[PDB]
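Counting from 42, one number per residue, gives the positions in the sequence shown under PDB author numbering.
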Amino acid sequence: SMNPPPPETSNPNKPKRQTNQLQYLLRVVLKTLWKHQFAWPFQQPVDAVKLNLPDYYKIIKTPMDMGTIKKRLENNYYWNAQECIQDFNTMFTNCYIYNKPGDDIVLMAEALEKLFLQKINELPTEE
Ligand SMILES: Cc1nnc2c(NC(C)C)nc(-c3nc4cnc(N5CCOC[C@@H]5C)cc4n3[C@@H](C)c3ccccc3)cn12
């Protein structure tokens, strides 16, 4: 079974805006998470074909990854900080849905989510 197209990362029809919260999500949240030792399985869309997971896109209907989130922030795709936070939440929930609790990949996602929530707790007020 083939891979689906990756999630949309740029749309010229969508309105664009610069806010302190979106800047914090790219410069602090995405940067700190990308550098983490457990980031590598979440840095790109799941390649179900290469990893031989034919049931991945049969179970996960709303895929998300940090590579997509990074591209979305770089292309001013998000209007609200909540849209970006929702994508990170979707990425973590997808990992917990597809894999069994206690599996190494789940433990990896749990450590990244713990760091993510701490950085979202330090999110600055809207300017
Ligand atoms: C996101 C996300 N949510 N669930 C998964 C998931 N589930 C499997 C562990 C069943 N795997 C990956 C996932 N993303 C990957 C990215 N690259 C590879 N590589 C294998 C080929 O050589 C080079 C390259 C580095 C393997 C990957 N895997 C699995 C195979 C894996 C294996 C060991 C440790 C952690 C993950 C993401 N996932």
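Note that beta-carbon positions come from the ideal geometry of N, C-alpha and C, so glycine has one too.
Item                                                                                                                       : Value
Taking the C-alpha atoms as reference points, what is the distance between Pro-47 and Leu-164?                             : 28 Å
Helix, strand or coil: which one does DSSP assign to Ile-101?                                                              : coil
Nearest by alpha-carbon distance to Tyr-118: which of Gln-59, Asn-162, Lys-160, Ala-150 is it?                             : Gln-59
Any chance the segment 146–165 sits against the segment 87–95, with 3 or more Cβ pairs inside 8 Å?                         : no
Whole-angstrom Cβ separation of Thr-50 and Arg-113, contact assumed at under 8 Å?                                          : 5 Å
Does the distance between the C-beta of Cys-125 and the nearest non-hydrogen atom of ligand 1 fall short of 8 Å?           : no
Using the Cα positions of residue 203 and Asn-162, report the straight-line distance between them to the nearest angstrom. : Past the boundaries of the shown model lies residue 203; the chain is included only from 42 to 168, so the question cannot be answered.
With a threshold of 8 Å, establish whether the CB of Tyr-139 neighbours any heavy atom of ligand 1.                        : yes
Rounded to whole angstroms, what's the CA-CA distance from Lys-57 to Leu-66? Just pull it up for me.                       : 16 Å
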